[PDB]
Structure formats: C-alpha cells, structure tokens
2 protein chains.
Amino acid sequence: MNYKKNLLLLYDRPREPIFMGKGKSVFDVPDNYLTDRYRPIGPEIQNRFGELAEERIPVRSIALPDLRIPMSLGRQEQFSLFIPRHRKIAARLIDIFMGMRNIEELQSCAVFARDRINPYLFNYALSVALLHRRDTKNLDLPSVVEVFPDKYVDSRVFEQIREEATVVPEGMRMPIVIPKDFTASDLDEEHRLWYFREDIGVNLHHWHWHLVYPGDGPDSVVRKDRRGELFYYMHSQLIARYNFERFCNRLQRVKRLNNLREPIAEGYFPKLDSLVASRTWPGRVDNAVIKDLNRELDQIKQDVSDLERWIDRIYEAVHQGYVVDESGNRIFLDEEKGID
Amino acid sequence: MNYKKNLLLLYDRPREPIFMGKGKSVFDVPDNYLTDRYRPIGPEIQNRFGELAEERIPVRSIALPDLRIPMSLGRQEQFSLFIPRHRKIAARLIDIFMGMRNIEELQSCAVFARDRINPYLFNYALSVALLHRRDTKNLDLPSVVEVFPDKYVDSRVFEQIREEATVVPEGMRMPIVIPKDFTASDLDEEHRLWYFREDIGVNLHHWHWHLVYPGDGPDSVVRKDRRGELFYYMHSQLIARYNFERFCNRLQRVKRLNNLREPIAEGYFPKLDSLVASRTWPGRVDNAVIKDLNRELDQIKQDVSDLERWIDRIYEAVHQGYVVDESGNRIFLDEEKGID
Ligand SMILES: [Cu+2]
Ligand SMILES: [Cu+2]
C-alpha cells in the first residue's frame, strides 16, 4: 500500500481518465467515483483497462470535501496563477489536499477529484500539497515538461510523435528532435536569445518558484521567511542574467516599458498549443497597445489607469519611507524589512 | 527720443558709478543722488570726470518709491531667478521701473537706483521693464555678453584683457582669443559638446527667454498666451537639438536623472568667475549627492522629500487627467489647454 508511489501515478497522462491505468497499475475506483459520463460504461472499462495490469490498487470510498470551487474552472479551459480568480481556486484545492487526515485519504480524494478538475490546476495544487505535507516528503515529482509537453514544445511535433508511435513498433522508434530558434527569424534580433527565453530549465525554474512560494493558500505554504525579498531578488537576478546574455548577442541592456500607454514594439508568437484547452496562446503583434480589461469570465474589470494608480501609490510609499495599513497605521520600509 | 538713448548708457560699465563717463556722455547727478561713500567727495568727483565728454545729461531730482526690497540683495552677491526670494526682489524692482509715468521719470529712478542695487539684478529688472513699457518699445538693448563678460568667458582672459588694455594704447591693441573646449579634457566624453553647451548664442537664448516670459512679476509681463506650453516646448526642443549633437559626437541620447537619490555621475567645472560677486560658480564633483537645503539667507528650507512629493503630486494629476484649484475645483487637462 505504497500510497506515495501510487500518488505519482496521478501525474501519468493527465487527460486520460484514471481508470485507464497508469504505468503497469490500475486503480479500482468505486462506482460513485466515476464521472456521470463514464459510469454507464463501467462494465466495459473493467474489461480492457482493469485486467491488463500487474498491480491493481484498491481505493477505499470516503466522505469527500466540497470540490465545487476547484471544479468551477472548466476541463477544456486554460489555467493561470496570474488571474486572481484562478489563484483563489488553486488556493482552495491546495487547502483540501493539505487537510486530508491521512495519506490514504489523499489518494482517495485525488482519485475522485482528478477527472472532475482541469488537469493543469490539478497538477499545480497536488504538487504544492505533496511538497508541503509531512507524510509526502522525499517524493520525486515528475517534471512538468514530462507530463505537459504542450507548454514547452513547438505544437508541430505532436503529430510527428502521434504518427511515429502509431506506425512504428516501439523498439524501432526514433527520438523526435525538438525545434530550437523557431519562434522568429533573423529579421527579429530578439530571436537570438531563444536559448534563454525558451529553455525548459529556465521556464521550469519560474514554475518551481510559484510551487514553493505560492501567493494564496494555507498560511503554512504562503508564509515563508523573507519571501517578499526573494520575489525581488529572483526577478532581479533574471534581469541581470538576461542582460548578460544580451551583451553576448550584440544587443543593448533590456529597456523597461516607458509607460502603459505607448505601444509595445517587440511582438511574440509562441507557437504553442494547449491540448487541455485545444486553444493557442495567441501571439502579440508588433506595436500592440495595452488595453483596458473587461473579462467577465476571468472576473477582471480593470482599467489601465487602475494600474497607473497602484504604481503611483507604491512610489509615494517608497518615497515616504513607509506603507499605510488597512487601518491607517504606518509600517516603515526600514533597512531590514523594507525590501521584503 | 534722447531719453531712450540715455537709458542705454546705464548698461555701460555696470560696476563703474554712474557719475563716471558713460559712452561719450556724462550724467549730472543731484548731490543727494550720490551714494553715502561719494556724497562727501561729490565736488572732487564732478571735476574729475566728464569734462572729456560731449553730451552732458541733466537728471531731475524727483521723489522715488521705496527701494529697500531691491536693495536687500547686496552689491557683491550673486543673483538667481530660480531662488524664490531673488525672484520676488526682481518682481518688486520690475514693478517700480514700470510704474514711472514718464520716460524722464524712469531715467531719474534708474539713475538713483543703479549704484545702489546688485548689477545683475539691475540689468535684469531694467531690461524686462524696457521690453514691456509702451513708451520704450522697439529698443535695441545691448547684449548681456558685452556688459557682463564674466558670465560668458573663461576667467583666465580677464587679466589678459586688463593687461592688454592697460599696457597697449588703443590704436595698437590686438584681439584676445576666447578659449574653446576649456572646461574639460577628452577623458570626459561630455567635453565634445562645448560648441553647444558653452555657446554664447545658446546661453543668450536661455537668458532672453526668461526676460520675455518671466515667471514672477507684474501680471502684465507674466501672463502671455500659452506660456506654460512654450515652457514645455522650448525645453523640449533644447533636448531635441542636444540629442542631435550627441548623435554627431558618438554619444547616446541624453539619459534622464533616474531620481533624486542616485549620485549625479557627470561633474562639471565651469571656469567662470563673477566680477560682481568676486566669487566663483563652484564646480560639482563627479558622483555628487543631491542634499536637503537649509539656506537661510536665500530663505530656502526644502528637503529632497519635498521635491519628490511635488513630483508625485504632479504625476498623480496627469494620470487623473485633472489638477485641483486652491478652492477645490477641478480643471481638466484636455487636448488644448492641458499642456499649458
Ligand atoms: Cu514569477
Ligand atoms: Cu529655462
């Protein structure tokens, strides 16, 4: 009953229902644990999936926390921790996996949750939980690349893989070469930094940072010592490291955005497609304008001048040498704690 | 008129008392118009000057306005239009010079005032007056360079001239070469813009501008159409022309001061000495710190914070799209009037 090892299976093939069996194992899930769609074909499922496996994993039925908030984001929708609504949803699902009394009940709770939740969100929240619970330390989480390649690779290679896997028997299959320097041509000097910007290691680093220092969740997960300063310092070392690369590609140091009104010159077309959402990360044209936001579904109604305002407030607070509490009390930006 | 022309004789030899020869003329000064030092030896003075001269000018003794505010800046002190106290003093003098009914009565006021007031301030205040009185219009005022060379040339030439004039009779004298690129060596890249920054024409421009669009003074003189907009535009075109020159001396576009806390990289030592004040314009060392001011004589007590507060306020209005009146009313920064 190595729950720990069995939890790792929940990362295998995130869009495949859990009853299809991961690695060499299958879960034996209660009938009320199946979704409404697949409950009717329960018998057939057992037949193929259930029988072909070496290890069958019994899941004990339990009473389940309220999963509405985490289910409220759609299975074919996109997931961003930058959008407040999604942060709030993730925070809650994290609390739920943190709060299970038992590593066995975590297994049972996750098995239930998995095919009812957005896979990206499931990966995030489950990961943050496994990294923080006492009973799930020392656990070798799969790289996000390994389980969601769609966020890391030219969308063109998926059919190249689909074909190779389908036509060629495995022992004979050729590795697929991942394109590099593929997002832009020589006419865009910015393409020179492909090896920094589009390197799975640095993007994983950015992702890992939001796994260890999430912005909303249980106190235990959020409140790390000096996390406000690490935020500053990490983003600051990235720019230092990014400028080092620029100097090595005959470019200038990177220039801040002048303001939030003038166009952004450098466009970008990522060439990524999401197999979860079956929708792209739309590129941004050259010379695009920042526009007032009214995203009803995302729950974002915010003008550019609302952003201008926060920045102004923040600059006033930096110049004053203190921030003002929600009550009106002064907290000094001293030498020890000001940066945090 | 002849009175117009006599007013111009007041610009001749600024620190030489007005009873000494001006041009080919002399003023006949009512005894009580002499200063304290020279009233007692008034008789031994009238004989000692002017008998060489062709015209002699009668000055009518008249009742004069209260002259103590203009007098409060000392004759051997420096004069600045940026300093609020000095700006107020000049406004009062300007007021006086524009409040005389006749061009004759103006001659009398100026004649009296000259040897009692700071020469820089007198030249300034009279000059503004003459440019604006309805009865002294279209006057060819003499160039400031000619009257106050000490604001415009390396102080090393002053003794060169004094020698050449003292030793060599006027028929035989040769021209003094004014050094160029004299403020800094090629160790400093900024030195390359000597021909712009230290150009007499350009400096005269800056000066003439502040004579036509003075910021304090009588309403008649200050309130010009769209002068707030001129101020922006005039300063915007200076940067533009500067940048052009920078692009022609292998330099980059000028960089804003980032803020008021960072040291100023670029030092500057002007090699000018004021003969009116017998003091220098002190240089500024490289990497100098802007410091809080407590200059009591100048009546300035201002912290770098006070300036940063003003700047934050102005940024807040611009983003708001309106400023707020002393009475609490909003005035909108619209497409026509906003810049002004
Ligand atoms: Cu980040
Ligand atoms: Cu100016």
# chains A, B, ... in the order shown; residues from 1 in each chain; ligands from 1

$ residues_around --residues "stretch 227-230 of chain A" --least-positions-apart "5" --cutoff "12 Å" --atoms "only C-alpha atoms" --output "VMD selection string"
chain A and resid 209 to 210 212 to 215 221 to 222 235 to 238 335 to 340

$ interface_residues --of "chain B" --to "chain A" --cutoff "12 Å" --atoms "only C-alpha atoms" --output "list in words"
residues 259, 260, 261, 303, 304, 305, 306, 307, 308, 309, 310, 311, 312, 313, 314, 315, 316, 317, 318, 319, 320 and 321 of chain B

$ select_by_dssp --residues "stretch 129-280 of chain A" --states "alpha helix (DSSP H)" --output "ChimeraX atom specification"
/A:129-132,144-147,157-167,194-197,200-212,219-222,227-247

$ residues_around --residues "stretch 91-96 of chain B" --least-positions-apart "3" --cutoff "7 Å" --atoms "only C-alpha atoms" --output "list in words"
residues 65, 70, 87, 88, 99, 100, 125, 126, 128, 129, 216, 217 and 218 of chain B

$ write_last_selection --atoms "N, CA, C and O atoms" --output "PDB file, in the first residue's frame"
ATOM      1  N   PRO B  65      10.047 105.802  -5.258  1.00  0.00           N
ATOM      2  CA  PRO B  65       9.477 104.693  -4.489  1.00  0.00           C
ATOM      3  C   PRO B  65      10.416 104.007  -3.496  1.00  0.00           C
ATOM      4  O   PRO B  65      11.635 104.147  -3.559  1.00  0.00           O
ATOM      5  N   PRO B  70      14.586  95.809  -3.374  1.00  0.00           N
ATOM      6  CA  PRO B  70      15.684  95.681  -4.334  1.00  0.00           C
ATOM      7  C   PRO B  70      17.063  95.857  -3.707  1.00  0.00           C
ATOM      8  O   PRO B  70      18.030  95.241  -4.138  1.00  0.00           O
ATOM      9  N   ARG B  87      13.560  86.038  -6.863  1.00  0.00           N
ATOM     10  CA  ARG B  87      12.555  86.201  -7.901  1.00  0.00           C
ATOM     11  C   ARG B  87      11.578  87.298  -7.455  1.00  0.00           C
ATOM     12  O   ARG B  87      11.095  88.096  -8.258  1.00  0.00           O
ATOM     13  N   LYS B  88      11.319  87.353  -6.140  1.00  0.00           N
ATOM     14  CA  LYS B  88      10.384  88.300  -5.557  1.00  0.00           C
ATOM     15  C   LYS B  88      10.971  89.727  -5.582  1.00  0.00           C
ATOM     16  O   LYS B  88      10.317  90.692  -5.999  1.00  0.00           O
ATOM     17  N   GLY B  99       6.292 101.457 -13.162  1.00  0.00           N
ATOM     18  CA  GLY B  99       5.332 102.353 -12.531  1.00  0.00           C
ATOM     19  C   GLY B  99       5.683 103.837 -12.673  1.00  0.00           C
ATOM     20  O   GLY B  99       4.987 104.693 -12.148  1.00  0.00           O
ATOM     21  N   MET B 100       6.746 104.163 -13.400  1.00  0.00           N
ATOM     22  CA  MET B 100       7.114 105.555 -13.607  1.00  0.00           C
ATOM     23  C   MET B 100       6.309 106.127 -14.777  1.00  0.00           C
ATOM     24  O   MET B 100       6.193 105.481 -15.814  1.00  0.00           O
ATOM     25  N   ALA B 125      16.252  93.617 -14.171  1.00  0.00           N
ATOM     26  CA  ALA B 125      14.987  94.265 -13.874  1.00  0.00           C
ATOM     27  C   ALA B 125      14.735  95.389 -14.878  1.00  0.00           C
ATOM     28  O   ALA B 125      13.668  95.475 -15.460  1.00  0.00           O
ATOM     29  N   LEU B 126      15.736  96.233 -15.129  1.00  0.00           N
ATOM     30  CA  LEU B 126      15.552  97.284 -16.113  1.00  0.00           C
ATOM     31  C   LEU B 126      15.204  96.685 -17.476  1.00  0.00           C
ATOM     32  O   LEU B 126      14.286  97.152 -18.145  1.00  0.00           O
ATOM     33  N   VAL B 128      13.765  93.897 -18.409  1.00  0.00           N
ATOM     34  CA  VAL B 128      12.390  93.439 -18.504  1.00  0.00           C
ATOM     35  C   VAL B 128      11.473  94.651 -18.628  1.00  0.00           C
ATOM     36  O   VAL B 128      10.516  94.635 -19.398  1.00  0.00           O
ATOM     37  N   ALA B 129      11.753  95.690 -17.839  1.00  0.00           N
ATOM     38  CA  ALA B 129      10.920  96.884 -17.829  1.00  0.00           C
ATOM     39  C   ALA B 129      10.866  97.467 -19.235  1.00  0.00           C
ATOM     40  O   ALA B 129       9.786  97.688 -19.753  1.00  0.00           O
ATOM     41  N   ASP B 216       7.688  85.266 -12.415  1.00  0.00           N
ATOM     42  CA  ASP B 216       7.146  86.156 -11.398  1.00  0.00           C
ATOM     43  C   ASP B 216       7.359  87.592 -11.883  1.00  0.00           C
ATOM     44  O   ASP B 216       8.219  87.857 -12.727  1.00  0.00           O
ATOM     45  N   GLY B 217       6.524  88.502 -11.364  1.00  0.00           N
ATOM     46  CA  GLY B 217       6.496  89.896 -11.783  1.00  0.00           C
ATOM     47  C   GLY B 217       5.069  90.441 -11.851  1.00  0.00           C
ATOM     48  O   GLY B 217       4.128  89.776 -11.443  1.00  0.00           O
ATOM     49  N   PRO B 218       4.872  91.658 -12.403  1.00  0.00           N
ATOM     50  CA  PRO B 218       3.533  92.183 -12.668  1.00  0.00           C
ATOM     51  C   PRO B 218       2.748  91.304 -13.641  1.00  0.00           C
ATOM     52  O   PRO B 218       3.319  90.805 -14.605  1.00  0.00           O
TER      53      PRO B 218
END

$ select_by_dssp --residues "stretch 9-215 of chain A" --states "strand (DSSP E)" --output "VMD selection string"
chain A and resid 25 to 28 55 to 58

$ write_last_selection --atoms "C-alpha atoms" --output "PDB file, in the first residue's frame"
ATOM      1  CA  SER A  25      -1.058  -0.353 -12.451  1.00  0.00           C
ATOM      2  CA  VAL A  26      -4.790   0.282 -12.410  1.00  0.00           C
ATOM      3  CA  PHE A  27      -6.863   1.845  -9.664  1.00  0.00           C
ATOM      4  CA  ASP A  28     -10.042   0.007  -8.641  1.00  0.00           C
ATOM      5  CA  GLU A  55      -0.806  -4.224  -9.876  1.00  0.00           C
ATOM      6  CA  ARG A  56      -4.422  -3.360  -9.001  1.00  0.00           C
ATOM      7  CA  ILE A  57      -4.806  -0.531  -6.477  1.00  0.00           C
ATOM      8  CA  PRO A  58      -7.803  -0.658  -4.107  1.00  0.00           C
TER       9      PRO A  58
END

$ residues_around --residues "stretch 279-292 of chain A" --least-positions-apart "2" --cutoff "9 Å" --atoms "only C-alpha atoms" --output "ChimeraX atom specification"
/A:76-78,260-277,294,301-305

$ residues_around --residues "residue A:17" --least-positions-apart "3" --cutoff "12 Å" --atoms "only C-alpha atoms" --output "list in words"
residues 9, 10, 11, 12, 13, 14, 20, 21, 22, 26, 27, 29, 33, 34, 35, 37, 38, 39, 45, 49, 111, 112, 113, 114, 115, 116, 117 and 119 of chain A

$ write_last_selection --atoms "C-alpha atoms" --output "PDB file, in the first residue's frame"
ATOM      1  CA  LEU A   9       0.664   7.645 -10.997  1.00  0.00           C
ATOM      2  CA  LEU A  10      -1.808  10.575 -10.805  1.00  0.00           C
ATOM      3  CA  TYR A  11       0.720  12.600 -12.840  1.00  0.00           C
ATOM      4  CA  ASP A  12       0.787   9.989 -15.633  1.00  0.00           C
ATOM      5  CA  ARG A  13      -1.222  11.089 -18.688  1.00  0.00           C
ATOM      6  CA  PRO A  14      -3.248  13.916 -17.044  1.00  0.00           C
ATOM      7  CA  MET A  20      -7.318   3.735 -17.914  1.00  0.00           C
ATOM      8  CA  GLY A  21      -4.410   2.740 -15.722  1.00  0.00           C
ATOM      9  CA  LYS A  22      -1.019   4.312 -15.231  1.00  0.00           C
ATOM     10  CA  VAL A  26      -4.790   0.282 -12.410  1.00  0.00           C
ATOM     11  CA  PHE A  27      -6.863   1.845  -9.664  1.00  0.00           C
ATOM     12  CA  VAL A  29     -12.290   3.019  -8.099  1.00  0.00           C
ATOM     13  CA  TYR A  33     -16.126   7.758  -8.024  1.00  0.00           C
ATOM     14  CA  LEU A  34     -16.613   7.534 -11.797  1.00  0.00           C
ATOM     15  CA  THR A  35     -17.984  10.599 -13.607  1.00  0.00           C
ATOM     16  CA  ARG A  37     -20.355  10.257 -18.459  1.00  0.00           C
ATOM     17  CA  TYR A  38     -18.423   7.027 -17.884  1.00  0.00           C
ATOM     18  CA  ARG A  39     -20.452   5.415 -15.061  1.00  0.00           C
ATOM     19  CA  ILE A  45     -13.950  -0.319 -18.605  1.00  0.00           C
ATOM     20  CA  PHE A  49      -8.144  -1.423 -18.593  1.00  0.00           C
ATOM     21  CA  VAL A 111      -8.562   9.802  -7.394  1.00  0.00           C
ATOM     22  CA  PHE A 112     -12.040  11.305  -7.082  1.00  0.00           C
ATOM     23  CA  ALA A 113     -11.010  14.885  -7.911  1.00  0.00           C
ATOM     24  CA  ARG A 114      -8.805  14.120 -10.894  1.00  0.00           C
ATOM     25  CA  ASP A 115     -11.248  13.538 -13.726  1.00  0.00           C
ATOM     26  CA  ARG A 116     -13.559  16.325 -12.486  1.00  0.00           C
ATOM     27  CA  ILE A 117     -10.845  19.015 -12.474  1.00  0.00           C
ATOM     28  CA  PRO A 119      -5.535  18.976 -15.363  1.00  0.00           C
TER      29      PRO A 119
END

$ atom_distance --atom1 "atom CA of residue B:71" --atom2 "atom CA of residue B:89"
8.6 Å
